[PDB]
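[1] Could you work out the structure for the sequence below:
(7 chains, ligands or ions: 1)
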Amino acid sequence: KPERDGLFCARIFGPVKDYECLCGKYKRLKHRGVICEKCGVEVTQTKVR
Amino acid sequence: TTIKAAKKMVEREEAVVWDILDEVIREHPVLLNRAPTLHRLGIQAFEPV
Amino acid sequence: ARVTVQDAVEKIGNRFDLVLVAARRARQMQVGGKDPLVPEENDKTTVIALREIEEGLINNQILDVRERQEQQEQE
Amino acid sequence: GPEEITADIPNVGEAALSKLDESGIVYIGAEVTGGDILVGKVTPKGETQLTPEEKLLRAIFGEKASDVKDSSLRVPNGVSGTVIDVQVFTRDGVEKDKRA
Amino acid sequence: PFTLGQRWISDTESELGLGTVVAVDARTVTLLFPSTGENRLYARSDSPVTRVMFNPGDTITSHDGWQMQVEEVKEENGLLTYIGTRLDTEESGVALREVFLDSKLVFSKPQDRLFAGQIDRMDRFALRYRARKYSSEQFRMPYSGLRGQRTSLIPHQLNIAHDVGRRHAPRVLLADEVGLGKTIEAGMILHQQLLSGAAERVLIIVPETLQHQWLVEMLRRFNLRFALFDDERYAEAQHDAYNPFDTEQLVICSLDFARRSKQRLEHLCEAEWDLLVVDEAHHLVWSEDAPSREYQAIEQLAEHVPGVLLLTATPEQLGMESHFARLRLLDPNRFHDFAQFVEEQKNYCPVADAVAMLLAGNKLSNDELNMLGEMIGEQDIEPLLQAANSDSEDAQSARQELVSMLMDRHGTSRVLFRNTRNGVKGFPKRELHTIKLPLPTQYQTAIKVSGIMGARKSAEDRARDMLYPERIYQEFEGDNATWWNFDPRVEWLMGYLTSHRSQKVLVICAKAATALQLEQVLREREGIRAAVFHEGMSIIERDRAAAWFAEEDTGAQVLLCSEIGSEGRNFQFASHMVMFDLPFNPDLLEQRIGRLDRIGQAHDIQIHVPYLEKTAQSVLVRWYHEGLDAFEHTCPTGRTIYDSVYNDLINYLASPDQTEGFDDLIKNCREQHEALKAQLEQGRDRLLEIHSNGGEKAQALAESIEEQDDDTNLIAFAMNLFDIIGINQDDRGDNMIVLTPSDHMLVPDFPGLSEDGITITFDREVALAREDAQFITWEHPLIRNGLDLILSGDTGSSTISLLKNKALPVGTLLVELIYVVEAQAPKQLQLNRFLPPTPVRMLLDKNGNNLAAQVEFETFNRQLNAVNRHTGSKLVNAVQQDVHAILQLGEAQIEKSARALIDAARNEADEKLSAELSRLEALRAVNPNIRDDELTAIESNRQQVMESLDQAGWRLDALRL
RNA sequence: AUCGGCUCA
DNA sequence: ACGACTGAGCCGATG
Ligand SMILES: [Zn+2]
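    Numbers count the residues shown, from 1 in each chain, chains lettered A, B, ... in the order given. Okay, here it is:
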């Protein structure tokens, strides 16, 4: 898992899957652009990376 | 009735498959290539059978 | 047109506008049905666009004037 | 979770479980075309669960939980007649397969 | 990960509020509703509770003065923090946590959402309409609940379903004998109870050994989600929330689980239950002045349970009819004392004997005018003339209207349901094949050694060997497995097998190990597409084999061994055969058969058996066929011969090849049997059996339901419904079909994780056992989602006013005005089977609403705004007074088109509820089993319904222009 | 995937 | 003072 503030990180570049996070509350699709926090992901399709 | 159902009739080597193939290759040409393509005739089209 | 298209090239004129006069015509007879004029000898919509040029028919002058016809029939 | 090599897919069976005899691997000299299966290998994809009411449900069946996906060693999509013999390098710490 | 500060509502209890969580130890959750002021305790895992949170662009309704939304939904390890816009004076960056939400739900209201942001697709609103369309059309659907199950379509199972499902108070004595599957047909009702409404909470009593089967279906017959209860889960549910177990609704326990501990009983009772379901394979009797230990537990159960079933207590075997006990259960009102009842039973012998019908009695004398009477001696009037009627070409006439004087007249039928193999007319016949093979010199040289080492006391050991030679060889001889190439039951395997691979067959052998050898053998050494069906292996093998055994024709052959029961997995296609081991015992022999002898088992059955002359097996073949024809005819009298010839048959088996003084037994057993067959044609009380199978009345139920599985718009709609939500449709080679839940797009509360095997065809599914698709399966989730989320096909755009389409461009801007007629009440008084939420079209331009052609025929002739931001919702600025000028007038045409289907729903309510009420006010006169708590439910339902009909209103959720 | 090795047009 | 063929095969070994 791409660390917190590391060269790899979702709280910057987006999550490791489609519309999901790191930690694991927001899943599949529903939350289109839901600006999360605990994992830290603006829930978008990972291709942002 | 679907694309996937046809994915079995193709792999099964069912006879009707090759039937359609003859009328698909009918009026549908091909590109044929040899390296090095030093000029332009290195590629030409030939209506296959 | 399977062997040699020499008659239908110089009708429109050149070989590049044997494409965009036949591409446009190969498009029209693939989507919304459209008429097969010169006997559909089995064949497919590929040859047909060109085959209409081999019997004194399809041209750029006949594809930009008859598209005004389908803009005088839907009122 | 450590990978495994016996016949335990939740997808492909019992169709291609008669190429393989049982307990691990392709029986010596088994005629296999491209696509069919040899040694049955299968990997866990995480998800590791431990919730209350779902332990018994998955317990009363055979087991299926923290494991596994179609991760077998397959015949290459190419001509691959049949077998001659099967070599085995089980790890030092025993836990030895049966067909081995 | 239940964290404190959440806001769960409830699945079947959303009349309380938006519940705040207040406790977690290890397995439970406690709620808090500040509006109603009360708690609701649930589990963490199997918990009827839903997640309520909104999306970006939406709003939250707070609790003081201001509220609004929305930026970004902020979790903190569990607790969300709605940082939501304030409407009172502008501000940009306002915090309103979810723990501080409202307890009520004043909604978005699809009217005022027009003036916000970007909208949802012109390609999903069309599958919203459909959702509310079929919901409106199915629930007022022609037949209640009995739509999809793991059955085949067959009258007598459904006649019991159709009947007791209409009973407010289900109080039935389910009796049907062995083999038929009394429990599966019997549930029939349990399932159909749910969906109409008036029951949750079904306690099912069953001795612990027999839960497995009972848990699975349950779920795979009617998908009955079950959390069992034992000392392993009682101890969980104890600390859980404390008190009685309101933890889950559906549950199974034994009355072993009730009795054992003597406060448990008090806990089982005060649970506000609904139905009590009990089954038993061995009895519960009680002699007078001396009642039974384990029985006296249920007394206090039944009396305080309102609805009750019982899969018989176990008479079926013997005594014919000593039933006062199992009837003392259901109604202590109409059975004062038993010293009487007997009389009822002593008198009804002649009538059914004399019932004969027009078949076995034809015409009968002035003992028919007499009585028949008794019941209609005092009622009089009509049948004087119509009683004598017996002949004179009207062959179906008087018969079908007189049997309702009766049947209706039985004092014990109304409750009871007893079906056997004559009243019902569904079985396939039995064509036995007899083979006789040549013996080997290996089994000879052996068995003449058995005598020398043979000679101990007891009874059973001498009898077992000789008679058995296949696995009487891998114990005492030398080598274990060698008989492979030897005996001719293996040479037969080929010659028979070697050309008859085309069809599929069913073979039953001795036990496991014996058939583990065959597999090694045949699969390979001969070379067949063979698989294993033993007893030890995990469920999935039994799916895997069955599945592979049922495929179009690629897994030809299975090797049944040991015993099965009467499995709820019919192999409706396996109509061919080879008998293998002729056990020694008719009952275990009648399970070998048990699968292939039932209605579903279509096409005629080919029984094949093989034996070696001189062998034990030699003798039984004739004893079964030629003694009491067990092959060609069903026979549960096979037993009480074996247990009277017992020691007089073993003598002859023991030493097989000797005494010719033997074919007397065969023809004494073809004596004691033969006459008992007609003894029990004069034990059948028919009318209860004609009351319990149906006929002309039951012939229909199936046939007009057989149309309603042939649905080619459920193969589409359904795939096209969850595909959109975010569950893709893969693998269609089989009649379905693998649904994986997709990234696009889903909410966490689905059951399906990875791989959901399924199909959408009754009689094709039945062979295997891997889940079904029909308008009552996995849809209680998917229905809700098409409608109860709202924001999903809510309001979209399309071809409107543009100059690009013709021939009236100007503007003429049309708008969809759908309206619900939310019947304001809960399900128990079944408002939902006469008026459910319903749609209506409404495309108006100032004038009244239009409807000419289909929306289905113009849904592929509409063009949505396929545009992001700078040209997306660009009519959303200067079109707020434009459209709503057709809303002040648009809300003029909703009372007329709705109150027309309302008055046309009451005149079906007070045209059927008051009509059905005559069927119960009047049958009181016949006075079969009925007490004053079924009529006054409909007379307290009627005046709760035309009080349900005066209240309904409206709610929008549609827009496409 | 970068590098190294080696064949045939 | 600079500039380094056009195709794909098979094996091998470490960021
Ligand atoms: Zn997160």
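[2] need the residues of chain C near chain E, please.
    C:74, C:75 (CB under 8 Å from any CB of the partner chain). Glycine gets a C-beta too; all of them are placed from N, C-alpha and C.
[3] residue closest to the middle of chain C?
    Among the residues of chain C, the one closest to the centroid is residue C:49, at 3.4 Å (CA atoms, centre = their mean).
[4] Would you agree that one falls within a helix?
    Yes. Counting by DSSP: H, G, I helix; E, B strand; the rest coil, residue C:49 is part of a helix.
[5] Can you name the residues that contact it?
    Residues near residue C:49 by CB atoms under 8 Å, 6 or more residues apart in numbering or on different chains: C:21, C:22, C:23, C:24, C:25, C:26, C:29, C:58.
[6] In PyMOL, how would I select the buried members of these?
    Applied in PyMOL, the following selects the buried portion of these according to 16 or more other CB atoms under 10 Å in any protein chain shown:
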select buried, chain C and resi 21+22+25+26+29+58
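[7] Show me the two of the contacts of residue C:49 that sit farthest apart.
    Farthest apart among those by CB to CB are C:21 and C:29. That separation is 13.2 Å.
[8] burial of residue E:222, as a residue count?
    23 (other CB atoms under 10 Å in any protein chain shown).
[9] so it makes contact with residue E:187?
    Yes. Residue E:222 lies in contact with residue E:187 (CB atoms under 8 Å); the separation is 6.3 Å.
[10] quick one on the thing from earlier: distance to chain D for the contacts of residue C:49 - can I get that in a markdown table?
    As requested, the contacts of residue C:49 are arranged in a markdown table below (distance: CB to the nearest CB, whole Å):
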| residue | distance to chain D |
| --- | --- |
| C:21 | 44 |
| C:22 | 39 |
| C:23 | 37 |
| C:24 | 41 |
| C:25 | 41 |
| C:26 | 36 |
| C:29 | 39 |
| C:58 | 45 |
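[11] Tell me which stretches of chain B form helices.
    B:3-11, B:15-25 (DSSP state H).
[12] List phi and psi for the residue in chain E positioned nearest to chain D.
    With CB to the nearest CB as the measure, residue E:538 is the residue of chain E nearest to chain D, at 2.9 Å. Reported as degrees, to the nearest 10, the phi and psi values for residue E:538 are phi -40, psi 150.
[13] can you list the residues of chain A near chain E?
    Contacts of chain A with chain E, taken as CB under 8 Å from any CB, map to A:17-20, A:25, A:27-38.
[14] Need the residue closest to the centroid of chain B.
    By CA atoms, centre = their mean, chain B has its centre lying nearest to residue B:25, at 6.1 Å.
[15] Report the secondary structure element holding residue E:608.
    strand E:605-609 (DSSP states H and E).
[16] Ignore what I typed, I meant residue E:603.
    Using DSSP H and E, residue E:603 sits within no helix or strand.
[17] Next, residue E:952: secondary structure please.
    Put simply, residue E:952 is coil when judged by three-state DSSP.
[18] can you count the residues close to it?
    Residue E:952 - counted by other CB under 10 Å - has 20 other residues nearby.
[19] Also residue C:63?
    When neighbours are counted by other CB under 10 Å, residue C:63 registers 15.
[20] Show the end-to-end separation of stretch E:496-511, please.
    When the termini of stretch E:496-511 are compared using CA to CA, to the nearest Å, they are 22 Å apart.
[21] So for the chain, the centremost residue is which one?
    Chain wasn't specified; assuming chain A. residue A:15 (3.0 Å).
[22] Correction: the question concerned chain D.
    Mean-position check on chain D, CA atoms, centre = their mean. Result residue D:40 at 2.7 Å.
[23] Confirm that residue sits in a helix?
    No. Counting by three-state DSSP, residue D:40 is not part of a helix but coil.
[24] quick one, what contacts it?
    Listed by CB under 8 Å, 6+ apart, the contact set of residue D:40 reads D:5, D:6, D:7, D:8, D:9, D:20, D:24, D:25, D:72.
[25] same deal with residue E:912?
    Neighbouring residues of residue E:912 by CB under 8 Å, 6+ apart: there are none.
[26] let's see 10 Å
    residue E:834 (CB atoms under 10 Å, 6 or more residues apart in numbering or on different chains).
[27] near chain B, which residues of chain D show up?
    residue D:35 (CB under 10 Å from any CB of the partner chain).
[28] OK, now which residue of chain D is nearest to chain E?
    Using CB to the nearest CB, the closest approach of chain D to chain E is made by residue D:62 at 2.9 Å.
[29] For that residue, the count of nearby residues, please.
    Residues lying near residue D:62 (other CB under 10 Å) number 16.
[30] does it sit in a helix or strand, and which one?
    Judged by DSSP H and E, residue D:62 forms part of no helix or strand.
[31] How about the contacts made by it?
    Residue D:62 neighbours (CB under 10 Å, 6+ apart): D:8, D:10, E:537, E:538, E:539, E:540, E:541, E:542, E:543, E:544.
[32] I figured the first one was touching residue D:64, is that so?
    Spelled out, that is residue D:8. Yes. In terms of CB atoms under 10 Å, residue D:8 counts as a neighbour of residue D:64; the distance is 8.7 Å.
[33] hey, what's in contact with both of these two?
    Listed as contacting both residue D:8 and residue D:64 by CB under 10 Å, 6+ apart are residue E:540.
[34] tell me the contacts of residue E:207?
    E:253, E:254, E:255, E:256, E:257, E:278, E:279, E:280, E:281, E:282, E:294.
[35] Mind checking which of the residues you listed are buried?
    Using 16+ other CB under 10 Å as the threshold, E:253, E:254, E:255, E:257, E:278, E:279, E:280 are the buried ones among the contacts of residue E:207.
[36] what's the closest non-adjacent residue to the third one?
    Taking CB to CB, 6 or more residues apart in numbering or on different chains as the measure, residue E:255 lies nearest to residue E:205, with 4.9 Å between them; neighbours along the chain are not counted.
[37] Is the one you found bridged to anything, and to what?
    For residue E:205, the beta-bridge partners are residue E:253, residue E:278 (DSSP bridges).
[38] Tell me how many other residues crowd it.
    Other residues near residue E:205 come to 22 when the count uses other CB under 10 Å.
[39] which residues does it contact?
    Neighbours of residue E:205 in contact, by CB under 10 Å, 6+ apart: E:252-258, E:268, E:276-280, E:297-298, E:301, E:309-310.
[40] Then residue E:321?
    Taking CB under 10 Å, 6+ apart, one finds E:315, E:345, E:348, E:412, E:418, E:683, E:685 in contact with residue E:321.
[41] Could you measure from the closest residue to chain A within chain E over to residue A:27?
    Chain A sits closest to residue E:745 of chain E, with a gap of 2.4 Å, by CB to the nearest CB. Applying CB to CB, to the nearest Å, the value for residue E:745 to residue A:27 is 10 Å.
[42] Show me whatever sits in contact with both of these two.
    A:18, A:19, E:726.
[43] Now do the contacts for the second one.
    Taking CB under 10 Å, 6+ apart as the criterion, residue A:19 is in contact with A:26-34, A:41, A:43-46, E:726, E:743-746.
[44] ok so, going back, now the residue of chain D closest to chain E: closest residue in space, sequence neighbours ignored.
    residue E:538 (2.9 Å).
[45] Give me the neighbour count for that neighbour.
    With other CB under 10 Å as criterion, residue E:538 counts 13.
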